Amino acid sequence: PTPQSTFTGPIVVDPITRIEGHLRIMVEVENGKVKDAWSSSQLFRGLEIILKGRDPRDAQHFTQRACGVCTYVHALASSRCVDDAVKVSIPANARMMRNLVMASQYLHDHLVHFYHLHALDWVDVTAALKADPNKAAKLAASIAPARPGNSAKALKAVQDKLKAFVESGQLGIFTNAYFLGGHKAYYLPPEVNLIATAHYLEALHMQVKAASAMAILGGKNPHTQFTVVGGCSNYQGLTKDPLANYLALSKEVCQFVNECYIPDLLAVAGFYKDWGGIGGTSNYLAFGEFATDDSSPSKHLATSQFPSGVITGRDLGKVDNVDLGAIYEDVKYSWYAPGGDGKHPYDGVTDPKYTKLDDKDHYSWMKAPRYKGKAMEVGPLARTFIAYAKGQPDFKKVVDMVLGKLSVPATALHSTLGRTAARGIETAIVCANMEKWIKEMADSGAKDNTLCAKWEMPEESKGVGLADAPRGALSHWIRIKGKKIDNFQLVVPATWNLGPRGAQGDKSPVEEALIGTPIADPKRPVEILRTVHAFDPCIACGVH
């Protein structure tokens, strides 16, 4: 069965590495299982405060620096938010360009997360040295598509590289890894460790290509610079040769997704099938992404090709519409002044007030977003369940492929394994849609290169920008007064998933998901990492 110690007592993991930003996780363990948890975000910057009084046109440039991992997405949400506030409908070409840059970001972000952030929780890199490269090549032929990168010679070259590195005595990023010397919670055969490690190295190169693709439309990566109120600035991005290069690079990236990412994900999932029984939550939310109509927040919600919705208590038979009026944020268990509970983002308040480390009454810089009083998990798994429940044909097909490959029911996806699988599932789907989306904008751009609409700054208004970023439902909310920012509030996927308890004392999704976590070795609590990383945490996003 699943390795589990008899450990009873506290475990603190700070820093949580292989995430963006600064997270401290505290748990109480009893007989080798987590019985209580706290998600404590450890940095505050205060972008909402900084924005007050500024030019609404400036917002997107400040908010994009909420995070450089999910670069672009905040510029997009801010741009959508100001477009809404000034009541401008962006030209079709701008919708297409903005949505393709989001798609390119999914591809880059998800590849890097699986390999460079998450894989080390499941893959013992040093055990790869024990593998026979010939047996590894044979195994690779049996879990993944044929490719020269998986040949015995290629895998041997990787092993030889890793061997020289380890034997140097300078382990670098692998220093003190939880897998050193072996670990009961690490299940993979050496051959699979070697295959995954080879791909990990390949993925470091392939992510450069995914970023290049993104920058053809985005201007640069990280931190794109092509969005403006009313649309986009990048006329060259509508033209033939840039788009052919965009297509070519995207195809290389997608070949890697299909040749390496999904196959490695599925192999990991098969070996760690027990993780389908760990780390589940019950409620899911998405604002949707990849809309055919982004003229308004209402139209975004309704026409998102990755649909919006709300699932409650795992009931896939009842996907509700998103009520943007029902979102609010509590600060009862957060490092903010008293009086700030129950605030809809249009009425948001950001009044920082620190107490002390591990104050169980105030233990995080994140606010606690709630939906009609319920915590909501956001991100690939939420999108995946919502799309699946709605019978979105691409999600139905791919989810069923995964379920049939692993021989597990869809209910097994309410887990850390499912959360991890969903991320791959949607990456395959974005990939399958790239060519169609590119052709649509190429044809549209060739006929008429309108890219930015005229608009007028109102004296007083409000607006909201929605996006489903790689990590989930993102919203930016502005109040304009005297043509300046009177209030600007970010409610971010990380805030939904990793914030602290709400005003009712109710655990956030990551805190709930951590309950029941087995701990095989309290000294090296990789299981905590497996679940936390599966949520793809971004603390700079979460706190801003």
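Residues carry their position along the shown sequence, with the first being 1.
When 432-440 is weighed against 90-98, 432-440 comes out higher, by mean CA B-factor as recorded in the entry. Taking the mean C-alpha B-factor of each stretch as recorded, 463-471 and 388-396 are not equal, and the higher mean is that of 388-396. Taking only the listed residues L243, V349, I327, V268, the entry reports the highest CA temperature factor at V268. Considering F165, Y235, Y106, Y115 together, the PDB entry gives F165 the largest C-alpha B factor.
Per the deposited record, the Cα B-factor of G499 falls in the highest third when ranked against the other modelled residues of its chain. The entry lists a Cα temperature factor for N31 that places it in the highest third of the chain's modelled residues. Among the modelled residues of its chain, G404 has a C-alpha B-factor that falls in the highest third according to the deposited record. Annotation for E377: C-alpha temperature factor in the middle third relative to the rest of the modelled chain, per the entry. Sort the modelled residues of the chain by CA B factor and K483 lands in the lowest third.
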